[PDB]
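The structure appears below as structure tokens.
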Amino acid sequence: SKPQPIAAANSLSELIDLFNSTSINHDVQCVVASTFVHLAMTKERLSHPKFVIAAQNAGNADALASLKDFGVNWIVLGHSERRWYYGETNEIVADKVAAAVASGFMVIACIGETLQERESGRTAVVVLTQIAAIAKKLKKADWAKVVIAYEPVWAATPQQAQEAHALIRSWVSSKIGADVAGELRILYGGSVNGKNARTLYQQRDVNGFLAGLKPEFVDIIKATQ
């Protein structure tokens with residue numbers, strides 16, 4: 001069977017009212033990741049116990065310490081623009097991930113290739129090098145706290161997403177262990193809506209979504225069964 005799925009989202013007050021009133025029938029960890037300045041409000045307002053608040057991109061020991069102290073236990077790291085715009089390298093993201101885990105966080109670590117990388121058939125070498133860097137700073141036991149989001153930056157069909165996710169899980173199995181591989185949530189972080197979410201989740205190696213904080217996130221949740 002699949003590990004517990006994750007639905008994570010990366011005007012606002014209307015969105016949280018909506019999430020709060022939503023009945024979610026099945027086992028699924030929901031995550032609302034927000035920017036620093038909206039954190040307190042989101043935390044005051046979001047009360048659905050199947051949801052947790054995540055920080056984003058924090059990389060400083062003291063910052064992580066305060067978030068944790070503030071009751072934030074999740075963080076999202078390495079999201080696409082962090083790498084292609086802000087210049088966070090494979091190693092910078094790796095160190096952020098290791099720092100967060102050491103501070104008691106559950107980490108959604110993002111990886112993904114650009115259009116130029118996908119077009120040239122270098123998806124595998126790129127994606128695996130990104131996670132290899134992440135793995136280098138983590139111990140096997142740390143993987144209990146880790147979640148991988150695959151982001152088709154280059155954008156996708158369920159078959160394409162399945163192939164990407166499957167290639168990630170094979171590298172994990174062989175380099176980290178089959179037991180880690182089996183428990184690891186690998187989320188699909190490409191474009192998704194209420195039409196293809198359900199289709200995508202059906203894929204053997206998709207364990208959820210890293211999608212947009214948007215009214216239709218609710219359908220993304222339902223897509224995880």
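Numbering starts at 1 and runs along the sequence shown. We use all heavy atoms of the structure for the numbers below, so side chains are in, but hydrogens, waters and symmetry mates are not.
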Check your understanding: Does the side chain of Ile75 reach to within under 4.5 Å of the side chain of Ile108, using non-hydrogen atoms?
Key -> no

Check your understanding: Between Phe51 and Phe217, how do the two ring planes meet: parallel, tilted or perpendicular, split at 30° and 60°?
Key -> perpendicular

Review point. How many angstroms lie between atom CD1 of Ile92 and atom OG1 of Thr89, to the nearest 0.5 angstrom?
Key: 4.0 Å

Revision key, fill the gap. Rounded to the nearest 0.5 angstrom, the CG-CD1 distance for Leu77 and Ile111 is 13.0 Å

Practice item. Could you tell me whether the side chain of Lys145 and the main chain of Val107 form a donor-acceptor pair under 3.5 Å? Key: no

Exercise for review: Compare every heavy atom of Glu44 with every heavy atom of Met41, then report the nearest pair and how far apart it is.
Suggested key: O-CG, 2.9 Å

Practice item. Check for a donor-acceptor pair, side chain of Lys136 on one end and backbone N or O of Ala94 on the other, with a separation under 3.5 Å. Key: no

Check your understanding: Does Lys139 offer a backbone N or O that forms a donor-acceptor pair with the side chain of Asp142 under 3.5 Å?
Key -> yes

Check your understanding: Mind checking whether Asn73 and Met106 have side chains closer than 4.5 Å, heavy atoms only?
Key -> no

Review point. With no hydrogens and no angle check, is any side-chain donor or acceptor of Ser170 less than 3.5 Å from a backbone partner on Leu167?
Key: no

**Study point:** Atom NE2 of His38 with >12 non-hydrogen neighbours under 6.0 angstrom
**Key:** no

Check your understanding: Roughly how far, to the nearest 0.5 Å, is CD1 of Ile176 from NZ of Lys140?
Key -> 9.5 Å

Review point. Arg83 side chain to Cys110 main-chain N or O, any donor-acceptor pair under 3.5 Å?
Key: yes

Check your understanding: For the residue pair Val126 and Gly112, what are the closest heavy atoms and their distance?
Key -> CG1-O, 4.2 Å

**Study point:** Side-chain (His165) to main-chain (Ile186) donor-acceptor, under 3.5 angstrom
**Key:** yes

Exercise for review: Run through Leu12, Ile16, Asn10 and flag the one making a side-chain contact (heavy atoms from CB on, under 4.5 Å) with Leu213.
Suggested key: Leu12

Review point. Do any N or O atoms from the side chain of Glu151 and from the backbone of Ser80 form a donor-acceptor pair under 3.5 angstrom?
Key: yes

Point to revise | Heavy-atom closest pair, residues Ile220 and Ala197 | key: CA-CB, 4.3 Å

Review point. Tell me, do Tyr188 and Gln203 make a side-chain contact under 4.5 Å, heavy atoms counted?
Key: no

Study note, to complete from the structure: To the nearest 0.5 Å, atom CD of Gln130 lies from atom OH of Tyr150 at 9.5 Å

Practice item. Check whether any side-chain heavy atom of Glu81 lies under 4.5 Å from a side-chain heavy atom of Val153, and answer yes or no. Key: no

Practice item. Check whether any side-chain heavy atom of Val172 sits under 4.5 Å from a side-chain heavy atom of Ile148, and report yes or no. Key: no

Revision key, fill the gap. Side chain to side chain donor-acceptor pair (under 3.5 Å) with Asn207: of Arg169, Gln4, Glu183, only one passes, and it is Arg169

Check your understanding: Taking C-beta and beyond as the side chain, do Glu88 and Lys96 meet within less than 4.5 Å on heavy atoms?
Key -> yes

**Study point:** Shared hydrophobic cluster for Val180 and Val147 (ILVMFWY, side-chain gaps under 4.5 Å)
**Key:** no

Exercise for review: To the nearest 0.5 Å, tell me how far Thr129 OG1 sits from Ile134 CD1.
Suggested key: 11.5 Å

Revision key, fill the gap. Minimal heavy-atom distance between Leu200 and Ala161, with the atoms involved, is CD2-CB, 3.7 Å

Check your understanding: Would you say the side-chain atoms of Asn193 and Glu216 include a donor-acceptor pair closer than 3.5 Å?
Key -> no

Review point. Any side-chain heavy-atom pair from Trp74 and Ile53 closer than 4.5 angstrom?
Key: no

**Study point:** Any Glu119 side-chain heavy atom under 4.5 Å of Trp154 side chain
**Key:** no

Study note, to complete from the structure: Between the CD1 atom in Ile131 and the CH2 atom in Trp171, the distance rounded to the nearest 0.5 Å is 5.5 Å

Point to revise | Electrostatic pair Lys2-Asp27, nearest N-O below 4.0 angstrom | key: no

Review point. Among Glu163, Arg118, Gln160, which one satisfies side chain to side chain donor-acceptor pair (under 3.5 Å) with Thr123?
Key: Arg118

Check your understanding: Any donor and acceptor pair, going by atom type alone, linking the side chain of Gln162 with main-chain N or O of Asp205 inside 3.5 Å?
Key -> yes

